[PDB]
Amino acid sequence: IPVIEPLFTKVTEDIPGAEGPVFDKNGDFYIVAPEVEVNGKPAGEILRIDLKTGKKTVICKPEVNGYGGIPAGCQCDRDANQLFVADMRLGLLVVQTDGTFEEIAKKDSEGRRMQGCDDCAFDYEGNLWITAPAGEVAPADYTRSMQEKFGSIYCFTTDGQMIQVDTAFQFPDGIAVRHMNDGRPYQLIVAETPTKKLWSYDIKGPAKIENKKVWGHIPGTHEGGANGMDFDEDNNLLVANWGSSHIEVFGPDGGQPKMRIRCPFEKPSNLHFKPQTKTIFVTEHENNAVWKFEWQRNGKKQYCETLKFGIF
């Protein structure tokens, strides 16, 4: 498999558990530090990074009834400039740029207690697909599905429903949605970290997935595996292979990676394209830092880059 070694430029550092890189509608950049702790307890943070100087500012340190969060993944909303954040302790949060936030759900559509979330992906219809590798949210004692298959997948719909769409995953992590050229969501990709697999489903409609299949295989026998992921504009899927020192590049049909991107660190955790550019920002856990490098083409537009109105 061909391997390219683009130049990685440092963006910022000292971000415990650096994760969930995301750009909002104004082009501002944010990341999360899920592993920040106080007295051994969760005190995860959501930060804004001024791309010039690299100055960091903690805009939100989420806590619900004394329980600190472990913010791990983000997606920017389209109709409002607010961030949807997957939190391993608090579930799904909606965070404002001013730092205020709200807890979206303590229970799902079936009345079952909500599980801690890791990453999420908005499809163009505005539905949010979420991975939930943790056990029940706070105040329940914290648990993760790295050993046991109790990780779930949710779809938070436009009509406000938190619907569990699948279960029994061994640490579902990265997630992405593939769209037809006309914008219709039709495939959901989910990373199952320790099993070194990428699963796919046909998206038949909001919160409706079927035909679960082992879509891709993550290289290596190292500890770790697929973490965060995103599509480029040609629908190639770039996947951070935590512990492999590489970001894997899958073609539209999956299978084995068609190319690998060598990183100057062993633990890439997540990535995100800067709108209208070939620049990919990468978070990593070897140095708990953020970097950027130039990919071969622009990224696939995120939901926040699409227009609710307009004509085309």
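Sequential numbering from 1, following the sequence displayed.
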**Request:** Name the higher of the two by mean Cα B-factor in the PDB entry, 188-196 versus 213-221.
**Result:** 213-221
**Asked** Which is higher on average in the deposited entry, the C-alpha temperature factors of 161-169 or of 101-109?
**Response** 101-109
**Message:** In terms of recorded Cα temperature factor, pick the maximum from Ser244, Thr283, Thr279, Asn287.
**Reply:** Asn287
**Complete:** For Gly44, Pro264, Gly66, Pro268, the deposited C-alpha B-factor is largest at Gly66
**Prompt:** Based on the entry's values, in what third of the chain does the Cα temperature factor of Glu13 lie: lowest, middle or highest?
**Reply:** highest
**Prompt:** When the modelled residues of the chain are sorted by Cα temperature factor, does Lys25 land in the lowest, middle or highest third?
**Reply:** highest
**Request:** Comparing against every modelled residue in the chain, figure out the third that the C-alpha B-factor of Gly183 lands in (lowest, middle or highest).
**Result:** highest
**Message:** Please place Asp87 in the lowest, middle or highest third of its chain according to the CA B-factor in the PDB entry.
**Reply:** lowest
**Fill in**
Of the three thirds of the chain ranked by Cα temperature factor, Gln147 occupies the highest
